[PDB]
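Have a look below at one chain only, the form deposited in one PDB entry, in structure tokens format.
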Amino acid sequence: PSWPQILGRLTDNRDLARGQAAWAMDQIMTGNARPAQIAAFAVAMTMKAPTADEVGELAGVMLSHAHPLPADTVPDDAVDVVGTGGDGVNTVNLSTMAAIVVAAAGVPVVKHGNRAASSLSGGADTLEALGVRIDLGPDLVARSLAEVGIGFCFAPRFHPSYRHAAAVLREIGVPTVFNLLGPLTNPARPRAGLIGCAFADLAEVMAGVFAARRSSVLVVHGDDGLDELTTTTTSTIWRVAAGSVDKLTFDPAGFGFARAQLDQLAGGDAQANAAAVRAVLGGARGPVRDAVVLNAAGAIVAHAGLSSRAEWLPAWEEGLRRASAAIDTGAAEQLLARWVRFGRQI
């Protein structure tokens, strides 16, 4: 195959043949692709409308080039809590906060992330400011996970071959199909997760990729455009279980959640967002907390769905019970401190 062959086809508004997206991404990962070819491919693939197979081959190749974690160090039931980003809105780090709470409820967590692309502080940014280390390689992410209950995979450190593509996509400035990869390329390959998507027309495609692996994942998009489960309004959820997707709308009001204004969830620089995490874990009641509990519940229901013998509602109310208890007992706050303390000790 070739670039004009592949680019020609996409610009003809045609789905690619099996293996074509993989060859293209492999060319990219292996540094054999000129910056203009990367850009054309990325834009062309977005405007055509990508398929699950296509994006699955993109994520597949990427993973196959990624640093893996050591064998028998990632639990069978580990969850991820990560979004695509591209909110447009500049919220406090909801995914990061819920991750800590989830791990504090004793659900193993291997989080993928990096810095903000558009926002003032990313997950990795906010974690850095807290004094939790985001540099850790495969072996120490494995250690951290077993020793603290949570581990953090920093995307650049696990995905060096993405460097070629990453610079190019920054220059473009528009989001593309590539903005989907982060959540689909966690190097630990955890089989569950809560997965945020800022682009409502692409979210089904992510769900499609997760269903191919037979993951238990809720792909989420707030109807306010949030790549999290919102408290402002309702959220659309593509539930991924048993290798099939199904669409839902989710209403916090049915679990007694006060509706909220978007700007109550608004965020700032790293220090500020790190202050917000200390606040919430510390027990500050209000909008931000509600948001964190909600999403933390979400991930826990995805965990629960690893088992086929599971109903939606009883699992959500268990989830909300546990996220809330994880904060209120101080266990969440403990865990963060335990985790910082882990990093300062090789």
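One rule holds for the numbers: they count along the sequence shown, beginning at 1.
A second form of this protein, the form solved in complex with a small molecule, is not displayed here; the remarks below concern that form.
- Only one segment in the set 208 to 216, 236 to 244, 107 to 115, 256 to 264 has any non-hydrogen atom within 4.5 angstroms of the small molecule in the entry with it bound, and it is 107 to 115.
- Contact with the small molecule in the entry with it bound, judged by any heavy atom within 4.5 Å, is made by just one of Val148, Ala166, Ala275, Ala129: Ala166.
- Contact with the small molecule in the entry with it bound holds for none of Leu294, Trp316 and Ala323, as no heavy atom of theirs lies within 4.5 Å.
- Using a 4.5 angstroms limit between non-hydrogen atoms, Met62 touches the small molecule in the entry with it bound.
- At a distance threshold of 4.5 angstroms between non-hydrogen atoms, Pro156 is in contact with the small molecule in the entry with it bound.
- For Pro190, no non-hydrogen atom is located within 4.5 Å of the small molecule in the entry with it bound, even though that partner is not displayed.
- Among residues of the shown chain, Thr230 is not one whose heavy atoms approach the small molecule to within 4.5 Å in the entry with it bound.
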